[PDB]
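Okay, here we've got a single chain as structure tokens, the form deposited in one PDB entry, with questions on binding and movement later.
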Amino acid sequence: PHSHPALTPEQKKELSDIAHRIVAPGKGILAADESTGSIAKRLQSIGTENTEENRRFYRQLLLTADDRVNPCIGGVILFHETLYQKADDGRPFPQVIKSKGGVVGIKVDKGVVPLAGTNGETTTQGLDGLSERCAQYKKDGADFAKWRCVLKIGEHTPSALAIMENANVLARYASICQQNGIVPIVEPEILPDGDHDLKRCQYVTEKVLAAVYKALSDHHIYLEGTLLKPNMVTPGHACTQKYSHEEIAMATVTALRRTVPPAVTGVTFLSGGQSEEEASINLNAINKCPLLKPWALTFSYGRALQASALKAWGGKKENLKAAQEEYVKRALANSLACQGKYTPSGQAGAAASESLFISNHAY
């Protein structure tokens, strides 16, 4: 019943300020924090040996895209290795990012681990020595971090244990970060795996997020100094029923409206398997959703921003500009999407301002 301020007004100001710059109007996040083992699959996808040099070159390719991306990228999430690499001109990658108006982020979790006694569920590790790591990352250029928890929709999942444990570890991570001037991106990803429908995903997302925010409160987390990175609300990959982008958007915004306090500075959606186009189209529908949204609704895309670029590159320096052009096009596409004015391929009429309510009580 007694307060013991976790943060001073100055510390709050800094975190809030960082949080806002990242999701400023028209801006989103480039999630380029793939771990060595995760990026291996990407490189092998284009037949390229997973060496530090190729990774460095690939990250350079994205980080050094022309100034057209500047207004589209509020932040860039990097994997440890990349935070300490430099471009050809000798400039540290963090310097490259900042010179283009982007805030530098660092992934800090150490991957998922299995939860004994559950049906293949997990929690995430990475808290050991996290305070020291955050202080070091801060000194070396990072202003925000990312920690990913993973939940699965199944017959008996996500279980009460999985929900409770992942929410709690996310809160511990958030607390440590804020203690070190680092804005924590809270990512409670609910996988799209399965044949469940849209209603099921919405229900689970609502329950997971309510658990997440209660844990953040219990751990005295300063919400204005945080960002949420959730899954959009969609049917499972194996669901035979079909939905429009407008219904996906309605279910997503409805779920967020019932669980995310207005104080949360922004929601940066993960793309989780959606194609570049789909991810952009859904984000657009979300921002055009009639309902009131008290927070920025933007992106924190990995594959949805890199797919075509990685392919165009093919691991050949020769394809440098061709590759960057693909990334640039998706950056521009999603910048408009987070503003509610994106239209795939060709379309007449620029801003795409319109309205309509679909049922709204059916969710």
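The first residue of the shown sequence is 1; numbering continues from there. Residues that one form lacks are left out of the comparison. Rigid core (definition): largest C-alpha set, two forms, superposition within 1.5 Å.
There is another form of this protein, the form deposited with a partner chain bound, and it is not shown here; the text below is about that form.
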Listed residue that, although the partner chain is not shown, lies within 4.5 Å of it in the deposited bound form (heavy atoms), from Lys329, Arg303, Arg68, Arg56: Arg303
Single option in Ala333, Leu61, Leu297, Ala307 placed near the partner chain in the deposited bound form, where near means a heavy atom within 4.5 Å: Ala307
Non-hydrogen atom contact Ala135 with the partner chain in the deposited bound form at 4.5 angstroms: no
4.5 Å heavy atom contact, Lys316 to the partner chain in the deposited bound form: no
4.5 Å heavy atom contact, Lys288 and the partner chain in the deposited bound form: no
is_contact(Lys321, the partner chain) in the deposited bound form, heavy atom dist at most 4.5 Å: no
The partner chain in the deposited bound form reached by all of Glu34, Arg42 and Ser271, non-hydrogen atom within 4.5 Å: yes
Which of 89-97, 271-279, 68-76, 136-144 sits within 4.5 Å of the partner chain in the deposited bound form, heavy atom basis: 271-279
Consecutive stretches, 3 or more residues long, displaced between this form and the one not shown (C-alpha shift of at least 2 Å once the core is aligned): 359-363
